[PDB]
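Some notes on the structure that comes next.
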Amino acid sequence: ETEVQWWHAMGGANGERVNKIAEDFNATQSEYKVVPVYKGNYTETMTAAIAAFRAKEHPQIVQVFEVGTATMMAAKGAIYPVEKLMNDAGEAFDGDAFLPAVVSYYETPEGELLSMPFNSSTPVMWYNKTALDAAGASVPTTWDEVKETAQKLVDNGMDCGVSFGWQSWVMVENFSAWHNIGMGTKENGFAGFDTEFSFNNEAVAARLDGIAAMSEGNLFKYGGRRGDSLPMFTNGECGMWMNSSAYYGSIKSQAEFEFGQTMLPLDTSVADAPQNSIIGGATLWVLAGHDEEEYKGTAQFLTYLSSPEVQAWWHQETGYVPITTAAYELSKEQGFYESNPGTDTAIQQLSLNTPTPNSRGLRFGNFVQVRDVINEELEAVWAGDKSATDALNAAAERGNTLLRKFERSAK
Ligand SMILES: O=P(O)(O)OC[C@@H](O)CO
């Protein structure tokens, strides 16, 4: 058998599902063996695959999160464009089958998808319904209601009211799209490499300062980067938790309480109504430099991932959105949204309203490094070392230096 190495960043419950998907494909035919290899978080996985390339130890497939997309698109010569791979191997590829938000996020300016959609997400408001009921609180729709609900929870003995993971994705990037304000110039990077950051504005700063003020009395508690704060939610310590829809699998198996999810809170001091939310998660990039049989097996595996049945199963088990309209309709016909209430929140929120350039998503080179900058500066806010205005200004300044580095190399 010819081996197809797939380097990915899926840990926990969702990583076990990756292993089940790979092995199910392996069991259906006898020519190709997909070998999934966990390489760490998204940054570590991307970094490892790129570093392995010139050592010729790189995988056939690498999962690269949305953050890394501009960098991967500029890495011409390192990637095998998926549409070319599939045609070369005799496998179908129909980009129009994917959700419009996915296509618009990942297509080149010429309308091509270079990578294979797989695990797309958006952040949702997770909540502990059991704790809300005990506190006489209601599921919030606005930021005022978030604070009031947090107060009721902590008054009723909850360790803390609200927290969030992936804080830049949640409270800067999605917060901006949700309120139709720009994250950077040149349509959040889609219209040019001469972009600069725009999130250092009063609307974002005022909300971050309001959250920081909630640390007193434990209405808010910071719980670290990425998904580090997941056990604060699943242990029953915090009653509200904003993070990826893709924590559904983990929450469903680890939470001893009744849980739900709803759309992100609206900051009514910024907008009268929400816009839409934006993509997280990853796509699958096929790397150059391998042989024909390895690419044939790669393409056949991507076909296996292209089926509505596998796409619906992945969405149902993880909380990543159904990546095609067909997978969504299959899940609906299966009664999944009736039997598992709230699991259509993420797909609805991505497409809540006709998008604007501010709600399409983001496309910034060197955004892996910018993400560290923004997380560091937000941590300064929660620690009380900086105001949100100063921290966002520093994040934008430091981020712009990285955008300029990318622009200088990308010509
Ligand atoms: O949806 P997940 O896979 O948790 O990833 C969130 C990450 O893409 C935010 O940048």
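Note: hydrogens, waters and symmetry copies are ignored here, and every other heavy atom, side chains too, is used. Heads up: numbering here begins at 1 and tracks the sequence. Atoms within each ligand, like the ligands themselves, are counted from 1 in listed order.
Of all the atoms in ligand 1, the ones that sit under 4.0 Å from a non-hydrogen atom of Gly280 are 8 (O). Taking every heavy atom of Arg371 and a limit of under 4.0 angstrom, the matching atoms of ligand 1 come to 9 (C), 10 (O).
With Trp6 as the partner, the ring pair (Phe, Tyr, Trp, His ring centres under 6.0 Å) test is satisfied by one option alone out of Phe118, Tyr304, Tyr32, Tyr38: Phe118.
Residue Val67 places no N or O, backbone or side chain, under 3.5 Å from any N or O of ligand 1.
Side-chain rings of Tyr328 and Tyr337 approach one another, their centers coming within less than 6.0 Å. If you look at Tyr127 and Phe233, their ring centroids are not closer than 6.0 Å.
At the top of the distance list for atom 7 (C) of ligand 1, counting protein heavy atoms only, stands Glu66 OE1, 3.7 Å. Nearest to atom 3 (O) of ligand 1 among the protein's heavy atoms is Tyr320 OH, 2.4 Å. In terms of protein heavy-atom proximity, atom 5 (O) of ligand 1 is nearest to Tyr42 CE1, 3.3 Å.
Contact of the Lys147 side chain with the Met214 side chain is registered, since non-hydrogen atoms from C-beta on lie closer than 4.5 Å.
Residues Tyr222 and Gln167 bring a donor and an acceptor atom of their side chains to less than 3.5 Å of each other.
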